[PDB]
Amino acid sequence: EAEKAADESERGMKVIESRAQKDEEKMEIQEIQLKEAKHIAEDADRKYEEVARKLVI
Amino acid sequence: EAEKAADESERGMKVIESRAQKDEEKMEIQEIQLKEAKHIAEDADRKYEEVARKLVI
Amino acid sequence: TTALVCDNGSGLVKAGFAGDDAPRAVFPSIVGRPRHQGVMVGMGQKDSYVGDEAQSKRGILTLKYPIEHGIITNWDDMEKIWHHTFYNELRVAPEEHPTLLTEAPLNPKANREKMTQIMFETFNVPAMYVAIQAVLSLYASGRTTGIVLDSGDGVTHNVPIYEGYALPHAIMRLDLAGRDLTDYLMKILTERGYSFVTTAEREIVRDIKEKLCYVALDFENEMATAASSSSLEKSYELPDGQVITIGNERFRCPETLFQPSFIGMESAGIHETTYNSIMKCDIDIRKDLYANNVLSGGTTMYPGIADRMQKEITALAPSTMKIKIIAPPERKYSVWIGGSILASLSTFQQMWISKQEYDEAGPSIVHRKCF
Amino acid sequence: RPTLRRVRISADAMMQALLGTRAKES
Amino acid sequence: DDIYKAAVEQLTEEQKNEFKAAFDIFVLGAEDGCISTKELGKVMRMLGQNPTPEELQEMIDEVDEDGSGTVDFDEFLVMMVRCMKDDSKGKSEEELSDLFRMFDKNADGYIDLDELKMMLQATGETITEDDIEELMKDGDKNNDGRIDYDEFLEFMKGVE
Ligand SMILES: Nc1ncnc2c1ncn2[C@@H]1O[C@H](COP(=O)(O)OP(=O)(O)O)[C@@H](O)[C@H]1O
Ligand SMILES: [Ca+2]
Ligand SMILES: [Ca+2]
Ligand SMILES: [Mg+2]
């Protein structure tokens with residue numbers, strides 16, 4: 001009985017760990033995309049303010 | 001042997017569940033901030049285009 | 001067929017087919033051999049990672065640029081860089097494509113001759129042509145006059161041109177550029193406790209310089225403000241954590257451009273070598289050069305330089321002339337865009353150095369009529 | 001001065017780069 | 001310009017349904033219901049193409065007339081067929097210049113619109129006088145009532 005319980009717990013542990021690792025990898029990719037979005041936002045903001053100042057002059 | 005294996009399996013399942021929930025939260029917040037940043041980027045690009053045209057005029 | 005507009009540069013190699021808007025592949029020009037021993041067997045470890053691959057494994061490499069100041073100091077590494085550029089970043093064999101390299105003004109002859117000899121013997125191109133890096137930047141602006149200050153990463157040169165007639169006696173080439181600013185920033189960061197020494201950490205200091213530094217409109221006022229308030233201290237996260245806070249090092253690093261006495265150089269800043277380059281020109285084309293001052297090159301991308309330079313020149317120049325500084329948003333790739341435009345012209349199609357011509361006169365053909 | 005564009009690679013390649021695994025018909 | 005409109009008007013509802021379903025599948029999960037300039041630019045970045053935000057604004061201004069920054073059904077099809085430029089090089093400059101110089105049969109440097117009328121009679125496509133009027137308006141930039149050589153270059157610029 002104990003052997004059966006241990007094997008079932010082992011299988012559940014392995015599958016849940018695999019799914020967690022894959023979702024973690026995708027989360028890392030999402031963070032990379034967020035960083036790129038941050039950079040794009042900052043660059044565009046600088047563009048806009050510079051152009052507005054030049055237009056005023 | 002079975003007792004020790006069961007204890008280790010329980011601890012591993014606990015830690016994997018905690019890490020999985022952490023990953024889900026990170027994925028959610030990453031997606032939210034990503035969408036907000038993309039919308040801000042769209043707004044900035046539109047403003048840049050409009051002010052550039054006015055500047056040429 | 002289409003022409004290959006390569007642009008060696010010093011710090012970033014920019015290449016792409018003629019007739020487009022932006023270079024196809026842009027990657028640092030560094031070749032880094034591994035320096036540690038290596039214990040894993042069969043890992044497939046190469047002997048030299050070039051280009052953008054060595055900016056990801058830079059933790060265990062010793063990166064070394066093959067181009068010091070415009071000139072090329074290590075020909076084997078430069079050949080390796082060119083081979084990578086042709087075969088892996090563009091995937092076009094050079095046997096079927098003309099090439100248009102670019103070269104700084106006032107460079108040693110042997111460099112140019114060796115460049116053409118390599119392109120004709122090793123890669124075996126059909127025809128190659130070498131052009132001065134400033135005329136292209138003037139092409140890209142769509143002008144035909146103007147004095148262009150092309151402050152690259154290796155060398156800053158200032159070529160005045162009028163009505164298409166270059167003035168060879170008024171070229172002022174100065175060897176302060178982005179690399180010296182990186183070294184000076186790495187040297188003044190030590191005043192807060194951060195020590196970067198390894199050749200890999202020079203890349204981190206370069207990233208700090210790109211993302212944080214800016215050129216002050218007035219130097220003394222900024223030095224006084226940064227010493228009282230704390231509204232300037234911007235923080236930055238290293239590749240491992242331990243954020244750092246840059247204080248008045250922000251505008252002191254790029255200030256070296258206007259006061260080369262900081263790094264011990266004698267010469268005058270980029271604000272005064274432009275005025276000197278203008279004053280060497282004839283008395284009747286000075287107004288046009290004043291009105292069409294062009295900026296190019298990577299290092300002229302600092303936020304707030306197009307105003308500091310205009311203020312300085314307006315201080316130097318006579319009060320009546322109008323001083324205008326052209327700073328297009330596509331400054332970094334201005335030279336390559338101009339190169340694409342020049343290679344796409346029909347009138348230019350007979351200026352290439354054809355291979356049979358090289359076979360008849362040797363590598364010294366480049367100094368001849370085909371310039 | 002004319003302009004030439006090559007970054008706009010053939011639309012099939014763009015569709016492939018967009019889709020990937022689901023690039024079966026488009 | 002309206003070149004993609006012409007190309008897709010040659011095409012039929014097959015392309016309409018095709019691009020509709022493509023929007024359904026690829027733009028799945030979107031909140032706007034169209035394609036935006038920033039939207040398509042980010043899509044290009046995701047696939048691997050590197051367009052610039054200034055280019056994004058330029059292209060969307062070219063495709064969008066109402067100022068919405070998105071694509072109408074006809075505008076959506078025009079933009080979708082726009083990204084690839086199959087046809088280029090627009091006929092030949094010198095041959096068409098000769099054709100236009102002989103078009104001025106009076107050889108006065110000016111084009112009589114009656115010559116245009118006769119040439120169109122030769123063309124014979126289903127067209128009303130107002131259609132050629134609009135075409136001349138597209139061509140007669142200075143509105144001189146004739147076809148200027150430079151304006152002849154302009155209106156035939158890139159025309160296959
Ligand atoms: N956005 C930026 N802000 C400040 N400095 C920059 C920026 N981009 C590049 N640089 C500096 O310019 C150098 C790249 O110059 P580049 O024009 O590529 O030289 P080259 O003429 O050899 O191509 C980099 O070493 C960097 O120090
Ligand atoms: Ca619209
Ligand atoms: Ca006529
Ligand atoms: Mg350069």
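Read the figures in this text as sums done on the coordinates, not as results from a lab. Heads up, the Cβs are rebuilt from the backbone with ideal geometry, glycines too, and the neighbour counts pull from every protein chain shown.
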| query | How many residues are within 13 Å of C:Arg173 (Cβ to Cβ) and of a type in the set (A, V, I, L, M, F, W, C) if we restrict to the stretch C:266-282? | reply | 1
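Does E:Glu94 satisfy the criteria of being within 14 Å of chain B (Cβ to nearest Cβ), more than 16 Å from ligand 3 (Cβ to nearest atom) and of a type in the set (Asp, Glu)? Don't jump to the end; show me each part of the working.
Details: within 14 Å of chain B (Cβ to nearest Cβ): no; more than 16 Å from ligand 3 (Cβ to nearest atom): yes; of a type in the set (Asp, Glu): yes.
No; evaluated as a whole, the condition is false for this residue.
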| query | Which one of these does C:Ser354 not meet: (1) touching a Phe, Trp or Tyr at 6+ places or on another chain (Cβ under 7 Å); (2) within 23 Å of C:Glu113 (Cα to Cα)? | reply | (1)
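Answer yes or no as to whether E:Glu62 is more than 16 Å from ligand 1 (Cβ to nearest atom), surrounded by 12 or more Cβ atoms within 10 Å (Cβ to Cβ), charged (D, E, K, R) and within 14 Å of chain B (Cβ to nearest Cβ). It would help to see each step written out before you state the result.
On the way: more than 16 Å from ligand 1 (Cβ to nearest atom): yes; surrounded by 12 or more Cβ atoms within 10 Å (Cβ to Cβ): yes; charged (D, E, K, R): yes; within 14 Å of chain B (Cβ to nearest Cβ): yes.
When the stated conditions are applied, E:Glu62 passes them.
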| request: Answer yes if at least one residue in the stretch C:307-318 is out of contact with any strand residue (DSSP E or B) (no Cβ under 8 Å at 6 or more places or on another chain), away from ligand 1 (no atom under 16 Å from the Cβ), more than 14 Å from chain D (Cβ to nearest Cβ) and part of a loop (DSSP other than H, G, I, E, B), and no otherwise. | output: yes
| query | For the stretch C:19-76, what are the residues that are away from every other protein chain (no Cβ under 14 Å), under 30 Å from C:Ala140 (Cα atoms) and of a type in the set (D, E, K, R)? | reply | C:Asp52, C:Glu68
| Can we say C:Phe196 is buried (at least 17 other Cβ atoms within 10 Å of the Cβ), more than 14 Å from the chain's Cα centre (by Cα) and either within 12 Å of ligand 1 (Cβ to nearest atom) or hydrophobic (A, V, I, L, M, F, W, C) (or both)? | yes
| Which pairs have Cβ atoms under 7 Å, sit 6 or more apart or on different chains, and link a residue in the stretch C:339-365 that is within 14 Å of chain D (Cβ to nearest Cβ) to one that is surrounded by 15 or more Cβ atoms within 10 Å (Cβ to Cβ) and among the β-branched types (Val, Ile, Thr)? | C:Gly339/C:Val5; C:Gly339/C:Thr102; C:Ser340/C:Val5; C:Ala343/C:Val5
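Kindly indicate which of C:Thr274, C:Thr245 is buried (at least 17 other Cβ atoms within 10 Å of the Cβ), in contact (Cβ under 8 Å) with a residue 24 or more places away in the chain and not in a loop (DSSP other than H, G, I, E, B). Steps first, answer last, please.
Working: C:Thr245 fails: buried (at least 17 other Cβ atoms within 10 Å of the Cβ).
None of the others qualify; the one that does is C:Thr274.
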| note | Conditions (1) more than 11 Å from ligand 1 (Cβ to nearest atom); (2) touching a helix residue (DSSP H, G or I) at 6+ places or on another chain (Cβ under 6 Å); (3) among the charged types (D, E, K, R) -> C:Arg173 fails only (2)
| remark: Note on the stretch C:138-163: residues within 14 Å of chain D (Cβ to nearest Cβ) and either more than 16 Å from ligand 1 (Cβ to nearest atom) or of a type in the set (S, T, N, Q) (or both) are C:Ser141, C:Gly142, C:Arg143, C:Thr144
| task | Could you check, for the stretch E:7-28, whether at least one of its residues is more than 14 Å from chain B (Cβ to nearest Cβ), closer than 25 Å to C:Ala22 by Cα and either in contact with a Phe, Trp or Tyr (Cβ under 6 Å, 6 or more places away or on another chain) or not polar (S, T, N, Q) (or both)? | result | no
| message | I'd like to verify a number: residues in the stretch B:30-57 that are at the interface with chain E (Cβ under 9 Å from one of its Cβ atoms) and of a type in the set (A, V, I, L, M, F, W, C), how many? | response | 3
| said: Whether any residue in the stretch B:12-24 is part of a helix (DSSP H, G or I), surrounded by 15 or more Cβ atoms within 10 Å (Cβ to Cβ), within 14 Å of chain E (Cβ to nearest Cβ) and touching a helix residue (DSSP H, G or I) at 6+ places or on another chain (Cβ under 8 Å) is what I want to check. | reply: no
| What about E:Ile35, is it among the hydrophobic types (A, V, I, L, M, F, W, C) and touching a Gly at 6+ places or on another chain (Cβ under 6 Å)? | no
| Only listed residue being touching a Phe, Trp or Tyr at 6+ places or on another chain (Cβ under 7 Å) and buried (at least 17 other Cβ atoms within 10 Å of the Cβ), chosen from C:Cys281, C:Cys253 | C:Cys253
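Inspect all residues belonging to the stretch C:30-53 and state whether any of them is of a type in the set (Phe, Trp, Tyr) and farther than 28 Å from C:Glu330 by Cβ. Lay out the reasoning, then the answer.
If we filter the stretch C:30-53 for residues that are of a type in the set (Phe, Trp, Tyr), which is where we start, we get C:49.
Next, only the ones that are farther than 28 Å from C:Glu330 by Cβ stay: C:49.
Yes, because at least one residue in the stretch C:30-53 is of a type in the set (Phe, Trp, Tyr) and farther than 28 Å from C:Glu330 by Cβ.
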| With respect to E:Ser88, is the statement that it is more than 16 Å from ligand 2 (Cβ to nearest atom), loosely packed, with under 11 Cβ neighbours inside 10 Å, of a type in the set (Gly, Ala, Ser) and under 22 Å from the mean Cα position of the chain (by Cα) true? | yes
| Restricting the first residue to the stretch E:140-160 and requiring it to be in a helix (DSSP H, G or I), which pairs with a second residue that is surrounded by 11 or more Cβ atoms within 10 Å (Cβ to Cβ) and among the hydrophobic types (A, V, I, L, M, F, W, C) meet a Cβ separation below 7 Å and a spacing of at least six or different chains? | E:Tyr149/E:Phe100; E:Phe152/E:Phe100
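In the stretch E:91-115, what residues are closer than 20 Å to E:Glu160 by Cβ and either within 16 Å of ligand 2 (Cβ to nearest atom) or in a helix (DSSP H, G or I) (or both)?
Across the stretch E:91-115, the qualifying residues are E:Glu93, E:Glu94, E:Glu95, E:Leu96, E:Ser97, E:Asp98, E:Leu99, E:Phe100, E:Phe103.
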| query | Could you give every pair whose Cβ atoms fall below 6 Å, whose first residue belongs to the stretch C:85-108 and is under 19 Å from C:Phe27 (Cβ atoms), and whose second residue is buried (at least 19 other Cβ atoms within 10 Å of the Cβ) and among the acidic types (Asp, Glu), counting only separations of at least 6 or pairs across chains? | reply | C:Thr102/C:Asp7
| said: List the residue pairs whose Cβ atoms are under 8 Å apart, where the first residue sits in the stretch C:291-303 and is over 18 Å from C:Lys209 (Cβ atoms), the second is among the polar types (S, T, N, Q) and surrounded by fewer than 22 Cβ atoms within 10 Å (Cβ to Cβ), and the two are 6 or more positions apart or on different chains. | reply: C:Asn292/C:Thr145; C:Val294/C:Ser141
| said: Condition first: away from ligand 1 (no atom under 16 Å from the Cβ), closer than 27 Å to A:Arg46 by Cα, crowded, with 17+ Cβ neighbours inside 10 Å and away from chain D (no Cβ under 14 Å). Can you find one or more residues in the stretch C:212-221 that meet it? | reply: no
| Listed residues E:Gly69, E:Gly41; which is surrounded by 15 or more Cβ atoms within 10 Å (Cβ to Cβ), over 20 Å from D:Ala13 (Cβ atoms) and touching a helix residue (DSSP H, G or I) at 6+ places or on another chain (Cβ under 7 Å)? | E:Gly69
| field | Qualifying positions in the stretch C:91-136 - more than 15 Å from ligand 4 (Cβ to nearest atom), in contact with a strand residue (DSSP E or B) (Cβ under 8 Å, 6 or more places away or on another chain) and among the charged types (D, E, K, R) | value | C:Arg112, C:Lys114
| Of these, E:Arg101, E:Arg82, which one is away from ligand 3 (no atom under 15 Å from the Cβ), at negative phi and among the basic types (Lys, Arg)? | E:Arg82
